[PDB]
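See structure below.
4 protein chains.
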Amino acid sequence: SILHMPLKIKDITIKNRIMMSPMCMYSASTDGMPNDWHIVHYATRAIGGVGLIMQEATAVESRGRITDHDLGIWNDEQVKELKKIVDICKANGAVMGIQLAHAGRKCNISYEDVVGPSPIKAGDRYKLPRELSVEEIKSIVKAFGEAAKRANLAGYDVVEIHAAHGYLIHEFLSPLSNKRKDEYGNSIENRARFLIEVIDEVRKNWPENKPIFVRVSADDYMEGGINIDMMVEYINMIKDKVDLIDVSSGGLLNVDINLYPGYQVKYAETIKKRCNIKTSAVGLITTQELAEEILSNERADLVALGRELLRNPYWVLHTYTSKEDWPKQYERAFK
Amino acid sequence: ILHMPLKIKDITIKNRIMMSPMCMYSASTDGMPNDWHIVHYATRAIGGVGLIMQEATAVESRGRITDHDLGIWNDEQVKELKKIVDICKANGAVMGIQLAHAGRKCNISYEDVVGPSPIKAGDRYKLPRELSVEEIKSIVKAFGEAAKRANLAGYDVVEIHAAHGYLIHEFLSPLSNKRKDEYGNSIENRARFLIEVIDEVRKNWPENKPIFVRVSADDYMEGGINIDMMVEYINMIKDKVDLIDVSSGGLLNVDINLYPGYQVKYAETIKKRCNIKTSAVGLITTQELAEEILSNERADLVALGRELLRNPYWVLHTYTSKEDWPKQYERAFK
Amino acid sequence: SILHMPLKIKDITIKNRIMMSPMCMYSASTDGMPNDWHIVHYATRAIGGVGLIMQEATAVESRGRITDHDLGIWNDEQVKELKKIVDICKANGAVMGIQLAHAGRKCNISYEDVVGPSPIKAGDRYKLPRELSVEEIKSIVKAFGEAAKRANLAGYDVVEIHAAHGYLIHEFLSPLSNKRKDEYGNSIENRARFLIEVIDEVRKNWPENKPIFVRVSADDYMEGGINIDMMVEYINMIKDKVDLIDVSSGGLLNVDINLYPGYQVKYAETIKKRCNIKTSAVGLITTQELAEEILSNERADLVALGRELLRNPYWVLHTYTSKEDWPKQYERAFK
Amino acid sequence: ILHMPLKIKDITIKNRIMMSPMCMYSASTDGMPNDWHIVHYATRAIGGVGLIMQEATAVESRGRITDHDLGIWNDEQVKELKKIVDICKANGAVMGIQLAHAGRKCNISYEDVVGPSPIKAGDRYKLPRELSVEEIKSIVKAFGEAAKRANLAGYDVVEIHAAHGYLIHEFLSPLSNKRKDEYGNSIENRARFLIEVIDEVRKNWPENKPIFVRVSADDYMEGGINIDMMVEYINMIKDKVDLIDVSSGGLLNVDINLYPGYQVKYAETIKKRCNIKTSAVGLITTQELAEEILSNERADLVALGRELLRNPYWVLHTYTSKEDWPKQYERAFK
Ligand SMILES: Cc1cc2nc3c(=O)[nH]c(=O)nc-3n(C[C@H](O)[C@H](O)[C@H](O)COP(=O)(O)O)c2cc1C
Ligand SMILES: Cc1cc2nc3c(=O)[nH]c(=O)nc-3n(C[C@H](O)[C@H](O)[C@H](O)COP(=O)(O)O)c2cc1C
Ligand SMILES: Cc1cc2nc3c(=O)[nH]c(=O)nc-3n(C[C@H](O)[C@H](O)[C@H](O)COP(=O)(O)O)c2cc1C
Ligand SMILES: Cc1cc2nc3c(=O)[nH]c(=O)nc-3n(C[C@H](O)[C@H](O)[C@H](O)COP(=O)(O)O)c2cc1C
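From first to last, the protein sequence lines are chains A, B, C and D.
Just so we're aligned: the first sequence equals residues 14 to 348 in the working numbering.
Just so we're aligned: the second sequence equals residues 37 to 370 in the working numbering.
Just so we're aligned: the third sequence equals residues 14 to 348 in the working numbering.
Just so we're aligned: the fourth sequence equals residues 37 to 370 in the working numbering.
In structure tokens form, the structure reads like this:
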């Protein structure tokens with residue numbers, strides 16, 4: 014299958030075109046530490062043949078968590094435990110990525126110091142974020158840098174910056190959530206400033222021969238918000254510094270979105286073609302047939318699976334046509 | 037979108053699935069259908085297909101591919117073809133007919149094999165006799181007569197077969213059309229035969245019933261049809277027809293990279309650049325891919341060929357309530 | 014597959030071990046005539062590779078219909094129409110069977126002459142049946158004989174006598190519905206008398222070289238009714254005169270039955286072994302896997318599929334391992 | 037019945053699916069498990085398996101099949117095996133261990149290979165030393181010590197591997213047991229080793245935890261074990277053990293007709309003739325067949341081997357509500 018073709022990014026070779034999409038498991042301690050549940054969860058998909066396993070949103074600071082059972086990477090105790098996930102996944106043949114995250118105004122922890130670019134709620138049930146000063150923005154940029162340094166020490170192959178799903182970076186990017194009148198707002202180049210700064214600081218702390226991905230929401234589905242043309246502008250500002258755009262949509266504010274298989278694929282194809290950068294497609298993809306169409310029609314370079322890999326962790330194994338492709342221990346099960 | 041109706045002129049198709057035309061090579065040498073064809077098509081109507089497109093049906097006996105093809109070249113064929121129409125409509129499908137002429141790909145040894153230019157389609161083929169302008173006009177008349185017969189048989193939709201290397205395709209492609217008269221040697225002249233066929237069909241087909249055209253959007257060869265050229269042709273005809281059934285290949289032997297949805301980009305390009313309805317076909321087998329194609333607006337209909345041969349009740353399996361099933365089979369709903 | 018092995022019964026060779034279980038389509042005229050709907054319905058499963066197609070319950074008298082949209086074979090005019098179904102199925106490679114039926118007290122037609130062995134309703138919604146006289150029983154016996162003569166003229170390969178599902182013959186067989194004190198009731202030999210007479214009359218009118226099947230209900234699931242021991246006794250009385258027992262259960266009176274895949278298979282195996290007769294198994298079998306287990310473990314000689322063949326008419330084709338096994342017209346579709 | 041609990045002594049299995057024991061050939065030469073085993077078994081616990089039976093675990097180093105097998109012949113292996121037990125129980129499964137001794141089928145060329153009679157398992161195998169009565173006593177002791185260790189590790193169920201051509205099966209079969217002492221000749225004598233092992237395991241295994249025994253109910257060879265012989269053996273042990281895990285073959289190479297449920301008739305026969313619980317195994321892959329076996333009362337448990345290797349969440353796929361899934365995966369219910 015075309016799904017089985019390796020993809021080389023910098024010095025990292027992904028053995029096939031399937032990525033496990035980052036999915037929060039809400040299973041960490043309030044200290045943000047992974048446990049044996051995480052280790053088995055990720056190892057299972059590495060055994061299952063996934064080319065690139067993207068770890069769930071991992072907070073760069075405690076107020077950057079979505080919930081108080083999220084993983085974090087703000088200290089060295091977390092690194093020692095995250096290293097266990099990395100080691101077992103790579104031992105079992107996967108490339109290991111980490112999604113560095115900051116929930117911003119969508120932090121749902123009742124007692125946290127919730128922050129954002131502008132004092133506007135994400136929805137009725139959320140807290141009003143306090144407006145970051147330029148000095149505080151600098152400190153969060155530094156936090157993404159330190160997190161990337163820690164991720165390198167844990168042994169991750171790939172780092173992904175979470176700039177999507179209505180979280181902190183997305184809030185700076187959208188005119189609907191960013192009403193600032195300083196150097197971080199108004200003009201498109203100013204709205205991009207925080208993302209650009211984060212990518213720059215991550216590069217200072219991440220080996221030049223390892224890939225950097227960025228996950229984006231390519232559409233807010235609202236007048237005045239991000240749309241595909243606006244996202245193309247942003248990607249053109251950063252594409253010389255990053256390796257692949259992980260293409261998603263939505264999340265800034267509640268909107269009724271038409272859901273169907275491949276509902277985000279046109280965004281992935283548009284970014285790939287107009288920006289000439291690698292992309293990954295994600296969103297209600299469950300069949301080998303659709304994954305093959307996406308890759309063969311050059312709509313994306315990687316196909317990411319989320320919920321399908323929750324219920325069907327050996328999905329990739331099922332696609333193999335020879336028993337020699339299976340884990341040696343399971344080759345008697347090839348059918 | 038899969039279960040959403042599509043109205044085209046006065047005809048409403050109840051869902052977006054079309055049974056792609058597929059030759060069954062089961063007729064007599066007289067081109068008459070039999071019980072085999074009746075059951076074959078009825079089965080997919082029972083299976084819930086929205087639009088059943090009958091296999092290539094020859095407008096002249098020399099326009100057959102084989103001597104077991106269906107024909108509509110004479111009035112005697114109408115009463116037999118009517119049996120197919122009646123049973124499919126009774127069982128809930130819209131019925132279409134693909135009007136066809138095999139041209140230089142006619143594989144009947146004893147027939148009068150014709151084409152635009154005296155060039156073989158391949159080694160095993162007969163050299164075609166080069167058509168005169170008078171003979172071209174006779175073939176155009178034959179398409180018109182076929183459309184009149186189709187209307188009398190009760191078909192809802194007529195598709196002109198302009199693809200797969202057969203007669204009309206042969207006029208369209210520079211690789212097979214070396215004519216230097218009004219039917220060759222410029223893009224407008226190469227489209228002339230198709231345009232004249234469409235015009236004559238329109239004179240013999242009710243204005244409130246749709247006309248589809250199936251095209252090959254790529255010859256996969258330097259010098260031949262490519263997507264840009266097909267866009268030019270579709271722009272010439274789009275005010276006179278209702279939907280472009282998008283396919284590819286057939287003119288000359290070529291290697292083509294095959295994968296699910298390998299002709300879908302052609303269907304999307306035509307739909308967008310020409311602002312016309314299109315149908316997509318080729319190695320689509322899953323509800324998932326069909327839904328993505330329709331919902332990302334890459335086509336207006338999804339055609340299934342081989343999947344409906346092996347899995348005739350494919351549409352029924354997509355329904356979420358027993359009330360959508362044939363009443364007789366209600367107790368089998370999952 | 015073992016499913017693919019032929020079975021010869023008398024002069025008739027069934028090409029595989031799959032039977033389409035008889036299923037009423039309630040699509041006939043009030044005159045009991047089939048139409049194009051029946052012809053397509055049965056031909057589809059012949060095209061689908063079914064070895065033996067058993068036509069739905071076909072009434073031997075108009076008062077023996079379940080509904081007034083049932084097929085009939087009570088007059089010579091029905092023959093030439095039924096012959097259309099026979100001819101198309103055989104042309105497409107199937108052996109064609111007909112189930113000769115008489116609804117007895119379960120006749121649901123309000124205006125019909127509803128008859129039974131004893132004046133006891135099948136349930137609250139049914140008509141009180143008229144108690145048959147010995148002379149009337151003789152006429153119904155004659156009707157089955159005339160039906161078998163008609164079936165032979167239509168060209169059916171196999172006749173099945175419907176002695177199950179709470180209908181007329183079953184009513185004579187069960188002590189719960191047969192309270193007669195004449196030669197047709199009040200001992201096991203007397204309760205079998207009607208079935209035996211029907212079989213003898215059918216044989217008088219059915220060529221010796223064509224099989225006779227009998228469908229039975231092997232359990233009433235009620236104290237005092239038929240159970241497997243009683244059915245073994247009945248089959249022992251008829252085994253020298255019939256070729257295969259099509260094994261079912263229930264139908265006499267409303268009862269809660271525990272339903273699951275193969276819930277009637279034990280009865281088919283028990284009759285097969287205890288009576289040394291061929292049997293067919295039916296009931297909630299949908300997978301090639303279960304069908305193969307049944308045949309390979311010698312629990313039955315034929316596997317009957319009902320509802321599965323309604324939803325999945327080409328089930329048998331899907332089991333084939335080669336394109337040349339498929340109808341020639343569909344060979345390009347082999348996957 | 038599939039989702040119905042089964043209580044055996046004080047142990048409640050939440051459903052009727054057992055992961056059949058399957059060697060992974062991934063341990064150290066010291067018989068130690070590693071993170072590979074922990075993930076392997078944990079995955080099927082997450083997958084909803086009721087009873088996970090750990091692969092053949094050797095009660096002596098010379099009782100391994102290969103030098104990458106798990107061992108339980110020393111106290112140091114206990115702490116490591118406990119990691120498997122703990123994670124499987126935490127994730128909702130009952131944990132079993134198959135206690136094993138390969139006998140003449142030990143495939144370690146340098147090991148002290150032993151059997152009841154000096155006869156090779158095949159040309160590639162080492163000639164086994166014929167066990168003395170005193171050495172037999174010591175192996176019985178080794179099974180007892182293994183069970184004590186298993187209890188310490190926290191296993192819920194112990195299974196004695198008396199099948200597949202290994203040590204106990206070798207005593208059981210006239211084809212492999214040519215002894216003329218108290219452990220050979222008569223049926224009672226051939227059963228003596230198995231009976232002594234069971235007694236010793238019970239001395240070392242809490243009275244409120246169950247003991248299973250896996251058997252080969254047929255050698256498929258004249259003069260070997262057949263179902264009638266196995267029924268007599270089971271009748272000898274049924275008052276001491278809780279369930280018979282029914283398999284076949286393994287003593288010598290033989291051709292066996294393979295199909296779904298090919299060992300199910302052995303399971304049913306033992307269950308009916310001996311009035312003991314049984315488990316069925318062998319080419320069962322569908323929910324449909326598993327349900328038929330359980331509901332027709334042919335066995336009490338259904339064991340899946342190769343199906344759980346390729347499809348570890350098989351049980352989850354049988355659930356009808358999202359609440360039956362691990363909380364973390366609820367959004368993936370379909
Ligand atoms: C339980 C769950 C947790 C998720 N957590 C994350 C996350 O940590 N980061 C992220 O970028 N997206 C997250 N998402 C979104 C998925 O990565 C994915 O983009 C989305 O579910 C669409 O793909 P799918 O249809 O294959 O599941 C999550 C989705 C689910 C269902
Ligand atoms: C047996 C067979 C007969 C065909 N006959 C026709 C035909 O009469 N007219 C036509 O336009 N295409 C014909 N084709 C092409 C199909 O309509 C269809 O476009 C092609 O098979 C790709 O779709 P699929 O992958 O769903 O089968 C035929 C294909 C097959 C396999
Ligand atoms: C619509 C329908 C009609 C039926 N008609 C008959 C019938 O005419 N004669 C008969 O013996 N059983 C009849 N039955 C029962 C089936 O033949 C079959 O025995 C039963 O449905 C169990 O098999 P299945 O689970 O494969 O459907 C009918 C069942 C259905 C669902
Ligand atoms: C890789 C592999 C390892 C096995 N190891 C064992 C074992 O340790 N103990 C045992 O009793 N059977 C063993 N067997 C047999 C299985 O437990 C099971 O009985 C057999 O594979 C048939 O069931 P299945 O068709 O569900 O796999 C093994 C089978 C395989 C394929």
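Beta carbons: idealized from backbone N, C-alpha and C, even for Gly.
Task: 9 angstroms Cβ cutoff met for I74/D and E327/D - done: no
- [ ] With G158/A as the anchor, note down where its alpha helix (DSSP H) starts and where it stops.
- [x] 147-167
Task: Members of the region 303-336 of chain D near chain C, C-beta cut-off 7 angstroms - done: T321, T322, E324, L325, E327, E328, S331, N332
TODO: Using a cut-off of 9 angstroms between C-beta atoms, extract the partners of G263/A located in chain B.
DONE: By Cβ distance, chain B contributes nothing, its closest Cβ being about 16 angstroms from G263/A, past 9 angstroms.
Open item on the list: Quick check: is the beta carbon of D49/C nearer than 9 angstroms to any beta carbon in chain B?
Closed with: yes
Open item on the list: Shorter than 8 angstroms, the distance from the beta carbon of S56/D to the closest heavy atom of ligand 4, or not?
Closed with: yes
Open item on the list: Considering only their Cβ atoms, is the gap separating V211/A from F157/A smaller than 9 angstroms?
Closed with: yes
- [ ] Name, in chain order, the residues that DSSP records as bridge partners for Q112/C.
- [x] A70/C, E173/C
- [ ] Check whether the Cβ atoms of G86/B and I49/B sit closer than 9 angstroms, and answer yes or no.
- [x] yes
Task: Chain-ordered neighbours of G297/B on chain A, where CB pairs are closer than 9 angstroms - done: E302, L303, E305, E306, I307, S309, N310
Task: For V329/A, the first and last residue of its enclosing alpha helix (DSSP H) - done: 328-332
- [ ] Please check the pair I307/A and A294/A, which I expect to be a contact at CB under 8 angstroms, by giving their CB distance rounded to whole angstroms.
- [x] Taking C-beta atoms under 8 angstroms as the contact rule, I307/A and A294/A qualify, at a distance of about 5 angstroms.
- [ ] Confirm, please, whether the CB-CB distance from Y302/B to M266/B is below 9 angstroms.
- [x] yes
Open item on the list: At a cut-off of 8 angstroms, would you count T80/A as near ligand 2, judging by its Cβ distance to the nearest heavy atom?
Closed with: no
TODO: Report the rounded CA-to-CA distance for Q323/D versus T354/D, giving the unit in angstroms.
DONE: 7 angstroms
Task: Residue environment, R140/D, which counts as buried when at least 16 other CB atoms sit within 10 Å - done: So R140/D counts as buried.
Open item on the list: Using a Cβ distance threshold of 8 angstroms, determine whether the region 42-59 of chain D contacts the region 87-100 of chain D, with at least three qualifying pairs required.
Closed with: yes
TODO: To the nearest angstrom, report how far apart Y256/D and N310/C are at their CA atoms.
DONE: 16 angstroms
Task: Best match in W361/B, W241/B, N347/B for proximity to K348/C [C-alpha to C-alpha] - done: It is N347/B.
Open item on the list: On the CB-based measure, 16 or more other CB atoms within 10 Å of its CB, does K285/C come out buried or exposed?
Closed with: buried
- [ ] Name the residue from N105/A, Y169/A, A56/A, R163/A whose alpha carbon lies nearest to the alpha carbon of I111/A.
- [x] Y169/A
Open item on the list: Against chain D, with Cβ distances strictly below 9 angstroms, would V278/C count as a contact?
Closed with: Closer than 9 angstroms: yes.
- [ ] Output, in chain order, the set of chain B residues within a Cβ distance shorter than 8 angstroms of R345/C.
- [x] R342, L345
Open item on the list: Between which residues of its own chain and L189/A is the CB-CB distance below 7 angstroms, once the five residues before and five after are set aside?
Closed with: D233, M235, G237, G238, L265, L266
Task: CB contact below 9 angstroms: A114/C versus chain B - done: no
Open item on the list: Given the structure, does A316/B come close to ligand 4, in the sense that its CB is under 8 angstroms from one of the ligand's heavy atoms?
Closed with: no
- [ ] Determine the DSSP secondary structure at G117/C, reduced to helix, strand or coil.
- [x] helix
Task: Near ligand 3: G61/C beta-carbon under 8 angstroms from a heavy atom - done: no
- [ ] Output the distance between the C-alpha atoms of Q91/C and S146/C, rounded to the nearest integer angstrom.
- [x] 28 angstroms
Task: C-beta neighbour in chain C for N293/D, strict 9 angstroms - done: yes
- [ ] Please report the residue range of the alpha helix (DSSP H) in which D213/C lies.
- [x] 206-217
Open item on the list: If I measure Cβ to Cβ from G83/B and keep anything under 7 angstroms in the same chain, skipping five residues before and after, which residues do I get?
Closed with: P348, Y349, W350, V351, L352
Task: Rounded C-alpha distance that separates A59/C from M32/C - done: Answer to the nearest angstrom: the Cα atoms are 11 angstroms apart.
Open item on the list: How far does the alpha helix (DSSP H) with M266/B in it extend, from its first residue to its last?
Closed with: That run of the alpha helix (DSSP H) goes 263-273.
- [ ] Grab me the residues of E246/A's own chain with a C-beta within less than 7 angstroms of its C-beta, minus the 5 sequence neighbours each way, in chain order.
- [x] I201
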